[PDB]
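Let me begin by presenting the structure, written as structure tokens, before commenting on it.
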Amino acid sequence: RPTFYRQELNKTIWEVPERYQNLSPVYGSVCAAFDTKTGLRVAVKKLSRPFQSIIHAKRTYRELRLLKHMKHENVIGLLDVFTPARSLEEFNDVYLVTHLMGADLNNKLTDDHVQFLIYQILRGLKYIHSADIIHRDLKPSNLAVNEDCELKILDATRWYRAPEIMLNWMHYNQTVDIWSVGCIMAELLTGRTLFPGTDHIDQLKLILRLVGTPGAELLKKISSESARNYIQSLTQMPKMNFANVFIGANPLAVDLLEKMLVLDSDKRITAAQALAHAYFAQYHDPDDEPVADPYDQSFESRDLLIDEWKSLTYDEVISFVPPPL
Ligand SMILES: Cc1nn(-c2cccc(Cl)c2)c2c1NS(=O)(=O)c1ccccc1-2
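Read in order, the letters of the sequence shown are residues 5 to 30, 35 to 115, 121 to 168, 184 to 353 in the deposited numbering.
And the structure:
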């Protein structure tokens, strides 16, 4: 339907429609560009070798499904998806289009700013979690921020992982993301990484030091004996007073962190509960914190061939409906 034009860039090729102009660089690579149909600055990502293997093909499929489903102000939204190919037979390259944002949280703020940024992260997690989706990798690099201070969640790394991910607990839940948020918030109030471990052992040592080693009430819920010994085989440590670690920060912020950085995931506060915490007194509006439509994750359990994952992805591309301007 539209007209495409080839181009070299990032030591890579791009055949995009002609409505996207002025490509400029910025897993797969992202480019800045100008979208003529709406006159917004957009970001265009080209997946690298989307169907090189079964795991890749499934991930490409998973990423398109997730992006096609996200419709919320604090979560990355798909503006367009396209491929140059004319036929499923010819289909080997995938590009995704989103609102360009500029900086990351990666790039010391005031308590008012922190509130607004964490608030928006929780509003987006509430949404994402209502669909049974766990992000798993929230970090400053994955939080895009515009000049207006508006934020969207997008898709070391160990520094923000919940301890039940570090130990490969097979049955972790949604509140792994709340832990990440907890480390992020801390990093914004102190300008310092909360847990800058050097490896999966150092990392945990640092966590336990702040949160204290587990109580017998938590130890009784750990199914792995390796895990258990490894843990029980460590020098007991107590919970520190968060009011003395986060010295002079808002005592409401501190309260919120105590509730996010709990070791036991079963007692960690949720996104929806945190949004009603006092720390967000001035942003919190339960009439404007929506939840998502249900998300069919049934494919996560299937074992298909590359040619099958590739064709389901093609279908998803073809059946894309842009949002309204
Ligand atoms: C990590 C990242 N940055 N990143 C990105 C990089 C710079 C600006 C913006 Cl808005 C996003 C993206 C990504 N991945 S993504 O699935 O959220 C995505 C889809 C489409 C276009 C870019 C991204």
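Quick reminder that beta carbons are idealized off the backbone N, C-alpha and C, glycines included.
Sort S347, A255, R186 and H142 by Cα distance to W197 and report the nearest one.
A255
In chain order, what residues of the same chain lie with their CB nearer than 6 Å to the CB of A144, ignoring the 5 residues before and after it?
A320 and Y323
Nearest candidate by alpha-carbon position, reference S154, set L164, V50 and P21
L164
Whole-angstrom C-beta distance between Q25 and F42, which should lie under 8 Å
Going by Cβ atoms, the distance from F42 to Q25 rounds to 5 Å, so yes, they are a contact pair.
Does the beta carbon of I134 fall short of 7 Å from some heavy atom of ligand 2?
Summarising the ligand content, the structure contains ligand 1 and does not contain ligand 2.
Beta carbon of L156 nearer than 8 Å to that of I146
no
Look at the Cβ atom of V345, then the Cβ atom of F59, and state whether they are nearer than 8 Å.
no
Going by DSSP in three states, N26 sits in which element: helix, strand or coil?
strand
Beta-carbon proximity list for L217, same chain, < 7 Å, skipping 5 on both sides:
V127, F274, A277 and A281
Which residues share a DSSP beta bridge with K53?
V38 and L104
Can the beta-carbon of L151 be found closer than 8 Å to that of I212?
yes
Can you tell which of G243, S347, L113 and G36 has the C-alpha that lies nearest to the C-alpha of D292?
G243
What are the boundary residues of the beta strand (DSSP E) that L164 is part of?
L164 to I166
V89 lies in the alpha helix (DSSP H); which residues open and close that run?
Taken as a continuous stretch (DSSP letters only), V89 belongs to no alpha helix (DSSP H), being part of the beta strand (DSSP E) at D88 to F90.
Whose CA, out of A190, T44, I17 and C39, lies closest to the CA of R57?
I17
Can you find a heavy atom of ligand 1 that lies under 7 Å from the Cβ of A51?
yes
Buried or exposed: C162, going by 16 or more other Cβ atoms within 10 Å of its Cβ?
exposed
Out of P266, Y200, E192 and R186, which one is the CA nearest neighbour of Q231?
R186
Out of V239, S326 and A300, point me to the one whose CA is closest to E286's CA.
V239
How would you label residue 120, buried or exposed, when you count the other beta carbons within 10 angstroms and need 16 or more for buried?
Within the gap of the chain, which runs from 115 to 121, lies residue 120, and it has no coordinates in the structure.
With DSSP as the reference, identify every bridge partner of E336, one or two as the case may be.
DSSP output for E336 lists no bridge partner at all.
State yes or no: is the C-beta of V30 nearer than 7 Å to some heavy atom of ligand 1?
Correct: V30 has its Cβ closer than 7 Å to ligand 1.
Is the region 328-347 in contact with the region 61-74, if contact means three or more CB pairs nearer than 8 Å?
yes
Nearest neighbour of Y258, chosen from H228, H64 and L333 [CA to CA]:
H228
Smallest Cα separation from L138: which of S251, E317, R23 and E336?
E317
Suppose the cutoff is 7 Å on Cβ atoms and the five residues either side in sequence are ignored; what does the same chain contact list for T46 look like?
Sequence-distant partners of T46 (beyond 5 residues in either direction) whose C-beta falls short of 7 Å from its own C-beta, in its chain, are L353.
Less than 7 Å between the CB of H80 and some heavy atom of ligand 1, yes or no?
Not one heavy atom of ligand 1 is found less than 7 Å from the C-beta of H80.
Is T106 near ligand 1, judged by its Cβ being under 7 Å from some heavy atom?
yes
Return yes when the C-beta of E71 is under 7 Å from any heavy atom of ligand 1, and no when it is not.
yes
Using a Cβ-based criterion (distance less than 7 Å to any ligand heavy atom), does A157 qualify as near ligand 1?
yes
Between which two residues does the beta strand (DSSP E) holding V209 run?
Segment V204 to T218 is the alpha helix (DSSP H) holding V209; no beta strand (DSSP E) there.
State the CB to CB distance for the pair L87 and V105, rounded to an integer number of angstroms; the pair is presumed to be in contact (CB under 8 Å).
Sure, about 4 Å apart at Cβ, within 8 Å.
Nearest-angstrom Cα distance between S339 and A93?
13 Å
Just the Cα atoms here: how many angstroms apart are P266 and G85?
43 Å
For the candidate residues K295, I206, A271 and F223, whose alpha-carbon lies nearest to that of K249?
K295
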